[PDB]
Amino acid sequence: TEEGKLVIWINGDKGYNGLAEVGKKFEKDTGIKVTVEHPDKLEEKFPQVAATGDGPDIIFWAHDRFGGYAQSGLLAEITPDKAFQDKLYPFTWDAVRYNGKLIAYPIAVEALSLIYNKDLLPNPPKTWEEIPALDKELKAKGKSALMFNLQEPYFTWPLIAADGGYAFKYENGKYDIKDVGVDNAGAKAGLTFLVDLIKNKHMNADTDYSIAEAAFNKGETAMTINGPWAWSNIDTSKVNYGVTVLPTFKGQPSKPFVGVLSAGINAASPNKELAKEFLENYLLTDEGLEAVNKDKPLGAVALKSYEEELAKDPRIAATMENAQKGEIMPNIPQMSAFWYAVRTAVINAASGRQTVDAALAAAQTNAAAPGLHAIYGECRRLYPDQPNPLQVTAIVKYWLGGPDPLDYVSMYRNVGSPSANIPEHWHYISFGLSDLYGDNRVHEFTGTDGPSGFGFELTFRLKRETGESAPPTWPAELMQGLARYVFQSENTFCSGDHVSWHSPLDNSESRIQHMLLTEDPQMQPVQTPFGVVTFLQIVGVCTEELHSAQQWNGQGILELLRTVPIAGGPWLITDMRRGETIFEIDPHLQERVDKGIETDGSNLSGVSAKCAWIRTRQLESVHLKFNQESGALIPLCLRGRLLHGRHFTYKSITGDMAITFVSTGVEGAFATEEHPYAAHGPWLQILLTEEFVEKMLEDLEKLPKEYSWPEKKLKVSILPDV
């Protein structure tokens, strides 16, 4: 925000210019500059940035969002003298009251209406069922019957609710968030009807707000569906239009979700009193509302005085008839999640991606899945561009006996950063490792503190190939494999961990057959009522790189991968095509690993190797035998472990034999400085004092190799071992 200046956000389809004129008058009378912006996806931007401390002093939007905003603590409480509260209709105040407090100034009442071309269609239909036949009549003379935005569920909700659909059941003043009604026969009936319209080529699933508006206003289609804001543009057009009641479906009224355009004050705003002055004494006046209304009609206003003038307009009348027949939107926080569920359901059902029953079943479950929704939020923040990415769904859900524990795996196109030389890739995000539903169907509920589910979800970044229109799906199957491992082992992962796989990740001949895990570079962790969720990105590595990771640590090797862009880069993007290890690409990298093992120690506690040396015996002489391969690890054993007071264990692949190098100062060994070499059966422990260890290392500064010291002998060999 800012002090002495007023920043306002309002959607671009509203009358921002009129509002700007009111801002001009305010700037004249008070000297405070009033800036009016209309960013895309503002409502979302607003929750997103309000916390950091950027944001609008005032935010305009339908009330349905505000309850959420208020629960997050983004909104200041508004305080009007009774003198002012009486100027507005009580029910508009109702729409903006949350948890007993007023959290926004109600501005206007928005409801969708059926807008029709009087020239093309003298008497509009009273029912949806006529439209198919009606379209056919018009198609005969190169026109269409109906076109409206199919991308926002706001416009198809009236039809869906008509025969029984609902968001949350309201009884006794309480909305039951668990009782969602988008899955019932009614909702199925309306959405099935829309889908059938598209099947019989009376509508097109691609159609959006702008195509619908252009079509109707140019006079290409007979009808459209929209709110009062739209009219101004139609007035400019050649079309003579009427605004009327929406068509009935199966004998029942269409029930549009009525909104109440409201203005909220940012809790992080310095100028809150300036905001109150502007809204109460400048905007919410006959003069202010008229100013805005000339630009784009607001609908049925909340200011009694001005509304009395407006109510005469037959268009407003129709607006209020549709409004009455429909319901007013709830303002609870769960609305946003509901809207998202339905938006996906409609689009997928209309495009043929899914059936009506499957889409609505998914929307039904997802309307009340705070975890799935809290993740979808962050996904939405990263990809405001992509509302519905290709998404792999597990059709037999895990908690019904299904094999795949990941309910969903979303697949995004990431454009990368040209400035950072980061290539375009596909970004897979998984859903199911965390608590999505929080009703104990998969994961025990644990509360807000602590990890939701296993506390993380999996992500993956697959370098996009030349001409790849769509992301491949094999990474989802991979993610299902890992997910199963976690679910059966009950074993969590942390940034740095490695996964040994030893098969091409993509079931090709690729050299990438193992995985490392790191924090997703872009995905921020999220607060889920069911817990906190972090995002672990999978990074494909060669067998050599995995080995480096075991010998040193995961973290170091990931960074090495970041420096070699071809092998990952800053965001650690997996290229299944890669043919060389990072070490074949830059040998100085091996050097970096050796320095790390020296100064960090190594995470390798033991190896299965070709090698050789109940009562706890003691020995004064010891002769070890090693394969070249296990002989290679001796420096690691000493430099990497004993010099860090860490023990190391060779176990013979055949034998029951074992050799555990023990630093002076390790705990629980049966080897003492007094008696360094001791054995319990086939298991041998030898304790080396640090000085001797250093000496030994210098001595090791190819085959056969023999070493001797006063105490003990060491042999390096090739085929004595079977």
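Residue indices: 1-based, along the sequence shown.
According to the record, the deposited sequence contains 4 to 9 residues between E701 and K702 that were left without coordinates. Deposited sequence between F338 and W339: no residues lack coordinates (chain continuous). Averaged over CA atoms, B-factors in the entry run higher in 442-450 than in the other of 442-450 and 544-552. Of the two stretches examined, 77-85 and 430-438, the record assigns the greater average C-alpha temperature factor to 77-85. When the C-alpha B factors of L274, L482, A374, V396 are read from the deposited coordinates, the top value falls at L274. Of the candidates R315, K595, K199, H425, the deposited coordinates give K595 the top C-alpha B factor. Per the PDB record, residue ranking by Cα B-factor puts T660 in the lowest third of the chain. The deposited CA B-factor of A679 belongs to the highest third of values across its chain. When the modelled residues of the chain are ordered by their C-alpha B factor, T466 lands in the highest third. Placement of the Cα temperature factor of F278 within the chain: highest third of the modelled residues, per the deposited record. For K625, the recorded CA B-factor ranks within the middle third of the chain. Only modelled residues enter the ranking.
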